[PDB]
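S.K.: Got a structure here, written out as structure tokens. Questions coming.
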Amino acid sequence: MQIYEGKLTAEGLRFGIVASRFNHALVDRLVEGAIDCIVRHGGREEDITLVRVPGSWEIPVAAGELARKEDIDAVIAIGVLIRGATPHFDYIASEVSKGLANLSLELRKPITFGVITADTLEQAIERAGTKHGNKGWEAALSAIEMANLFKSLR
Amino acid sequence: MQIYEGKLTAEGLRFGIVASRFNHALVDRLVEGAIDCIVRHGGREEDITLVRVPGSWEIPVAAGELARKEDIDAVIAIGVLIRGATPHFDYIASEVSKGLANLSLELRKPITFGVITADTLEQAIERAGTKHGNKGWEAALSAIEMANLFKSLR
Amino acid sequence: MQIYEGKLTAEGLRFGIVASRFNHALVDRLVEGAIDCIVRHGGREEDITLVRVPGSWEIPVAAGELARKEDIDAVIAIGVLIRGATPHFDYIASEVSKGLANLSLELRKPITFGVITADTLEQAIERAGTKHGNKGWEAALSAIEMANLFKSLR
Amino acid sequence: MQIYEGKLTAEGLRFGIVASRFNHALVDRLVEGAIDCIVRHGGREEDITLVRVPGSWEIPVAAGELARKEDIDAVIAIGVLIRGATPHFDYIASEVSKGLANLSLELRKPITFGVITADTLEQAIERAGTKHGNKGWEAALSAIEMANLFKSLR
Amino acid sequence: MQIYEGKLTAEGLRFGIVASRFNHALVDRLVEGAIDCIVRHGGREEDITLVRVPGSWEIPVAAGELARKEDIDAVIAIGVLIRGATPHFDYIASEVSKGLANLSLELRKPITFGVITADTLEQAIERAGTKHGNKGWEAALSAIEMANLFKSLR
Amino acid sequence: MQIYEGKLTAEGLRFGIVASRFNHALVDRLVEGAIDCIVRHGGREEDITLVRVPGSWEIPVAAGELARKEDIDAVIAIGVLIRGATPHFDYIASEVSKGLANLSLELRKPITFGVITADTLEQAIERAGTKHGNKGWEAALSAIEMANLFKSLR
Amino acid sequence: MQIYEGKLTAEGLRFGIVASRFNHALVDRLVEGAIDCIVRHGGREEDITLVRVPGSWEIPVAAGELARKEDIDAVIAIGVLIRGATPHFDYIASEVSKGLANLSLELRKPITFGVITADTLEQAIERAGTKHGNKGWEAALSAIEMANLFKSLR
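Laid out in structure tokens, this is it:
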């Protein structure tokens, strides 16, 4: 039984982060979480590319441009979506998730999902560096593990 | 840490706008908002292409033709969908959003989402130049920022 | 401003684990979580000492014997306590936590708290490798960070 | 991975038992359970020291005198506390458990907890040789395992 | 099976009593009970030392001074605490019991608990020489038995 | 009547801060509050030592190491605890507070309590730089006053 | 980015305090709070001018006379208003606040607002040196910071 798995060392890995600007008060907590995870697992702060896009709808196209780069090992997508009073939330969330998944399959590169989809502001706050943890940290950890796994699988 | 972001200057950028004719009383408010945003951020009114399509279902194909043009930096899609008494609203909205997202990923060009999806006429009016702002203005601002970002990323 | 913090590399660190036997169906999930964390952060499986004690009441004395060893950098305490029908749960939990804290202060060595205190079996299952994570993994991560921090602070 | 654990053989081990006199109708069932466990696991009835104290408040000081003896491998504390109509139960139970835990940490010797803390007489009867087992038997089993474990760890 | 136990003869034993002054109408009934028990079990009224302290908070320090005396075989602590309208009762009771227990363990001398902790004046009266007995008598009996037990154990 | 009191000048005082990483979105607001208080009362930013520990359970041992340093005048402990669904909150909070108090008494050095213990996320947010103030600022002010008081009392 | 801010040192600053006589039982607590703040932040008790006016309606005119003095750096207004049974409270409070604000703008000198406006006596007591703090202390702290800020801005 051949077993493949990824270690949690970030030595020599290069990451891209695409972060939205809407709900920036929570998005920047998520971004700090992701960067802290990368640095404290042994990565270098100079191996991180950060792209800021105006809203969550624009994440897939910028992520596609970042992932088409040769010197990027994994891409981390970060955003916050909070349901309002219309179905706008439903359509935006479905499009963002579908776009990211299709892009990852097409380019054969890891793209981790770090987007919060909350019904209320209280849930959104809970998941951005509060009692339920930090989604940016989780997404960065997943990206590190997948980059190492793909390196060993290649 | 390399950081990329877009400025909010519209100097020398060329935009396309695809606007639907259905619910024209609100659509033309959205269109005026978008054009005003472009002009007052320093763009030229002669660098704007406007395509009118009969309904919101037809937005993706016209937007595809506009985005395949070489001299268009970003495309702004504008329409109004109001839920009626049948599931027709659900299927139209899902198809429009999916089509726009897939087109943007395929052509690697920014296509901003300026379509209102409202349950009631009151919500639709609120979002078209009333207490909750103007969605056309927001879509134009997003298009300006993404055009500048893609210019700097290229 | 001098800033001290611990990295998340487990290279060259030696750990002790004290695990109770009561509720072993959940305790062994917690133990597997802790060992997996240590190994995948770069530690060696031969640098791990495992002590099994009959119940959670006996954790502090065994942990004291383990922490008095010269070649142990941090100790991880693991157990599961589920409230029954008497105040027995209250007194056991208070004694275990107080004993571990006093021992850590006396010996000036990190002793991380990986004991689940649940009101119901459902909560206990949720916290032992289910939707709310794995407490053993969290305790091991804390032990790694504190061992590195104490190394840098010394 | 070095693994330490205790066997369940009582050959050559010497035990002390401290038993309270209050609620003697249940305490003597607990004592019979403990002695039967020790004897049927291969111990000798002549290697057992039994101290009787008037009440549960007095268990820690007598247990301390017993555990300071050189030829005692583990001490088993046995008593029954049943909640009455005042907070007296709360303070007695907290003091007894805290005293036993501190004594065990100070002397570095196993002291197992065999004290029943019940809200009602029915629960107390259930736990003293009835449908829920015998707490004295459980405490003796824990003492045997810890004595063997400490022997192997030394 | 070596068996140790204390007889109920008070011949040649010297006792100290620490009694609080607050709630003196019940405290002096408790004191009379304790002294009567000692005398009618064969002790001498000249072998009794009585210390009066202003309140129940001060019992542990005076009891410590009494128990550090060489010619005192056991110390009896006596007081009455009745819950009022604030948490003051909770903190006083917890401190008194903890102090007495720690002192007894440190000095290796019997200190019996004869403090009434009642929710209502009716319970306090019941336990001070009324239908539920006399707590001072019970504490003195415990002290006699422990003094004899420690003599035989030495 | 000799009267001793501390001034609120931080000139020439050296402080240590121990801050937990859990709930970092609120902890870093508390840390900014404490540092701002120290600096604007006339202290130097180079006289501040900052230690980061993984969780609130680990605060006492790191605080002990910091307070055993000769050139530290006071230590400020900072963390956030929010009640969840289990008694875990109760035991963690009791251990942290008891450990800090015992450490301060043993080392005869001021250790101020800046840990938020909240039932809900709303209370926690209120006490971390919102309508009810900033607990880090309060803890730093207390540390300054006690350092000056101990200087004058020595 | 030029940044201006005030320190919290009161060295060499001269303050005026205008205090009303009505509700003097709470007003004198507020006054003691303000004076204590000034003195313990390094000010001199001889640099404080205190004016007593009969009621809160008279605060603005006396404050105007104090602030027209050349050797006064900031003025602290202190009073207590408690709603009665008529709209008298509404008109008095509106006039006092408006007068103080207009005076501060006209004279270009800091005048801090230390007047309690409470619906009930319980709220008034809470805000005058009880669980919610002391408003006089807060007003004095604000005056110190603004005096330093205006000094640095000049």
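Chains as they are written, first to last, in my numbering: chain C, 14 to 167; chain P, 14 to 167; chain B, 14 to 167; chain L, 14 to 167; chain D, 14 to 167; chain Y, 14 to 167; chain E, 14 to 167.
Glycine included, every Cβ here is placed at the ideal spot set by N, Cα and C.
Answer with buried or exposed for P:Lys144, where buried requires no fewer than 16 other C-beta atoms within 10 angstroms of its C-beta.
M.R.: Taking the second sequence and counting its residues from 1, the one referred to as residue 144 of chain P is at position 131. It counts as exposed.
S.K.: So, helix, strand or coil for B:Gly149, using DSSP?
M.R.: Taking the first residue of the third sequence as position 1, residue 149 of chain B is located at position 136. Helix.
S.K.: If you count every other CB in all the chains shown that lies within 10 Å of the CB of L:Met159, and 16 or more means buried, which is it?
M.R.: Looking up residue 159 of chain L in the fourth sequence gives position 146. So L:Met159 ends up on the buried side.
S.K.: Taking the alpha carbon of L:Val40 as the point to measure from, which residue in L:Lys82, L:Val128, L:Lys20 has its own alpha carbon closest?
M.R.: Here the question's residue 40 of chain L lines up with position 27 in the fourth sequence. With distances taken between Cα atoms, L:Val40 lies closest to L:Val128.
S.K.: If you follow the alpha helix (DSSP H) that Y:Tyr104 is in, where does it begin and where does it stop?
M.R.: Counting from one through the sixth sequence, the residue named residue 104 of chain Y turns up at place 91. Where Y:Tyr104 is concerned, the enclosing alpha helix (DSSP H) stretches over 101-120.
S.K.: In the DSSP output, what is B:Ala98 paired with across the bridge?
M.R.: Taking the third sequence and counting its residues from 1, the one referred to as residue 98 of chain B is at position 85. DSSP output for B:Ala98 lists no bridge partner at all.
S.K.: With 8 Å as the C-beta to C-beta threshold (strictly closer), list the residues of the region 110-138 of chain C near chain P in chain order.
M.R.: For the region 110-138 of chain C, which is checked against every Cβ of chain P, the residues closer than 8 Å are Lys111, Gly112, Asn115, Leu116.
S.K.: Nearest-angstrom Cα distance between B:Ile61 and E:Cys50?
M.R.: As a first step, residue 61 of chain B must be located in the third sequence, where it is residue number 48. As a first step, residue 50 of chain E must be located in the seventh sequence, where it is residue number 37. Roughly 57 Å between the two C-alpha positions.
S.K.: Using alpha carbons as the reference points, say which of D:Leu154, D:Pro100, D:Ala32 lies closest to D:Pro67.
M.R.: Taking the fifth sequence and counting its residues from 1, the one referred to as residue 67 of chain D is at position 54. Residue D:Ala32 is the option with its Cα nearest to D:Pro67.
S.K.: Can you give me the Cβ contacts of C:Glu24 inside the same chain, cut-off strictly under 6 Å, excluding the 5 residues immediately before and after it?
M.R.: For the purposes of this step, residue 24 of chain C is identified with residue 11 of the first sequence, where counting begins at 1. Only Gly55 meet the Cβ criterion.
S.K.: Assuming contact is defined by CB atoms lying nearer than 7 Å, are residue 204 of chain P and P:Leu43 in contact in what I supplied?
M.R.: In the structure as shown, chain P starts at 14 and stops at 167, and residue 204 of chain P therefore has no counterpart that could be examined.
S.K.: What residues in the region 134-166 of chain Y bring their beta carbon closer than 7 Å to a beta carbon of chain E?
M.R.: Those would be none; no residue qualifies.
S.K.: Tell me which residue opens and which closes the beta strand (DSSP E) that D:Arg65 is part of.
M.R.: Residue numbering aside, residue 65 of chain D sits at position 52 when the fifth sequence is read from its first letter. Run containing D:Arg65: 61-66, per the beta strand (DSSP E) assignment.
S.K.: Note down, in chain order, every chain Y residue with its Cβ under 8 Å from the Cβ of E:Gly25.
M.R.: Position 12 of the seventh sequence, counted from the first residue, corresponds to residue 25 of chain E. By Cβ distance, chain Y contributes nothing, its closest Cβ being about 14 Å from E:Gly25, past 8 Å.
S.K.: Quick check on E:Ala75: does DSSP put it in helix, strand or coil?
M.R.: As a first step, residue 75 of chain E must be located in the seventh sequence, where it is residue number 62. Of the three classes helix, strand and coil, the one that applies to E:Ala75 here is helix, per DSSP.
S.K.: Pull the bridge partners of L:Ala160 from the DSSP assignment, please.
M.R.: As a working note, residue 160 of chain L is residue 147 in the fourth sequence. Paired residues: none, contrary to the question.
S.K.: Check whether the Cβ of L:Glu45 lies closer than 7 Å to any Cβ atom in chain D.
M.R.: Taking the first residue of the fourth sequence as 1, we reach residue 45 of chain L at position 32. Taking Cβ atoms only, chain D never reaches closer than 7 Å to L:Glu45, which makes this a no.
S.K.: Check each candidate in C:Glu71, C:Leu134, C:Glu108, C:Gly149 and name the one with the smallest Cα separation from P:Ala152.
M.R.: The count along the second sequence starts at 1 and reaches residue 152 of chain P at position 139. The residue with the shortest Cα to Cα distance from P:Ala152 is C:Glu71.
S.K.: Going by DSSP in three states, D:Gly142 sits in which element: helix, strand or coil?
M.R.: Within the fifth sequence, residue 142 of chain D is the residue found at index 129, counting from 1. Note: D:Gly142 maps to strand in three-state DSSP.
S.K.: Answer with buried or exposed for D:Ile16, where buried requires no fewer than 16 other C-beta atoms within 10 angstroms of its C-beta.
M.R.: Along the fifth sequence, read from residue 1 onward, the residue named residue 16 of chain D stands at position 3. Per the 10 Å Cβ criterion, exposed.
S.K.: Which residues of chain E have a Cβ atom closer than 8 Å to the Cβ of Y:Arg53, listed in chain order?
M.R.: Taking the sixth sequence and counting its residues from 1, one reaches residue 53 of chain Y at position 40. Near Y:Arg53 (Cβ distances below 8 Å), the residues of chain E are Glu18, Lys20, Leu21.
S.K.: Between B:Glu108 and chain L, is there a C-beta pair that is closer than 7 Å?
M.R.: In the third sequence, residue 108 of chain B corresponds to position 95, counting from 1. Chain L contact via Cβ: present.
S.K.: Please confirm if the region 68-88 of chain D is in contact with the region 111-127 of chain D, defined as three or more CB-CB distances below 8 Å between the two stretches.
M.R.: With a cut-off of 8 Å, the region 111-127 of chain D and the region 68-88 of chain D count as touching, because enough Cβ pairs lie within range.
S.K.: When we look at the beta-carbon of E:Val74 and count the other beta-carbons within 10 Å, is it buried (16 or more) or exposed?
M.R.: Within the seventh sequence, residue 74 of chain E is the residue found at index 61, counting from 1. E:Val74 is exposed by the Cβ-count criterion.
S.K.: Anyone know if the C-beta pair for L:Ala114 and B:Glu108 falls short of 7 Å?
M.R.: As a position in the fourth sequence, residue 114 of chain L is number 101, starting the count at 1. As a position in the third sequence, residue 108 of chain B is number 95, starting the count at 1. A contact, by the Cβ cut-off of 7 Å.
S.K.: Are C:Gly149 and C:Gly46 closer than 7 Å when you measure CB to CB?
M.R.: Here residue 149 of chain C refers to the residue found at position 136 of the first sequence. Here residue 46 of chain C refers to the residue found at position 33 of the first sequence. Their beta carbons are under 7 Å apart, which means C:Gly149 touches C:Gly46 by this criterion.
S.K.: With a cut-off of 7 Å, does the C-beta of B:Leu94 fall near any C-beta of chain L?
M.R.: In the third sequence, residue 94 of chain B corresponds to position 81, counting from 1. Chain L, which has no Cβ nearer than 7 Å to the Cβ of B:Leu94, makes this no.
S.K.: B:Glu59 and L:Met14 look like a contact to me (Cβ under 8 Å); what is the Cβ gap, rounded to whole Å?
M.R.: Within the third sequence, residue 59 of chain B is the residue found at index 46, counting from 1. Within the fourth sequence, residue 14 of chain L is the residue found at index 1, counting from 1. Going by Cβ atoms, the distance from B:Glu59 to L:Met14 rounds to 7 Å, so yes, they are a contact pair.
S.K.: In whole angstroms, what is the alpha-carbon distance linking E:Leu116 and E:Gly29?
M.R.: Locating residue 116 of chain E in the seventh sequence gives position 103, where the first residue counts as 1. Locating residue 29 of chain E in the seventh sequence gives position 16, where the first residue counts as 1. Looking at the two C-alpha atoms, the distance is approximately 15 Å.
S.K.: List the residues of chain B that Y:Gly77 touches, going by C-beta distances under 7 Å, in chain order.
M.R.: Reading the sixth sequence from its first residue, position 64 is the one you call residue 77 of chain Y. Those within 7 Å of Y:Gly77 in chain B are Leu118, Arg121.
S.K.: Tell me whether the beta-carbon of C:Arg65 lies closer than 7 Å to the beta-carbon of C:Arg34.
M.R.: Indexing the first sequence from 1 puts residue 65 of chain C at position 52. Indexing the first sequence from 1 puts residue 34 of chain C at position 21. Yes. Within cutoff.
S.K.: May I ask you to report which of helix, strand or coil DSSP gives B:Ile91?
M.R.: The sequence position of residue 91 of chain B within the third sequence is 78, counting from 1. It is a strand residue.
S.K.: Are the Cβ atoms of B:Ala137 and B:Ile95 separated by less than 7 Å?
M.R.: Working through the third sequence from its first residue, we reach residue 137 of chain B at position 124. Working through the third sequence from its first residue, we reach residue 95 of chain B at position 82. Cβ atoms of B:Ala137 and B:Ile95: closer than 7 Å.
S.K.: Closer than 7 Å, CB to CB, is Y:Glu83 near chain B or not?
M.R.: As a first step, residue 83 of chain Y must be located in the sixth sequence, where it is residue number 70. False, the Cβ-Cβ gap to chain B never drops below 7 Å.
S.K.: Using a Cβ-Cβ cut-off of less than 9 Å, give me the residues of the region 55-73 of chain B that come near chain L, in sequence order.
M.R.: Listed by position along the chain: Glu58, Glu59, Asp60, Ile61, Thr62, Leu63, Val64, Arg65, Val66, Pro67, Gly68, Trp70, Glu71, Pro73.
S.K.: Compare the C-beta of Y:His101 with all C-beta atoms of chain B and state if any pair is closer than 7 Å.
M.R.: On the sixth sequence, position 88 is the one that residue 101 of chain Y refers to. It does; some Cβ of chain B falls within 7 Å.
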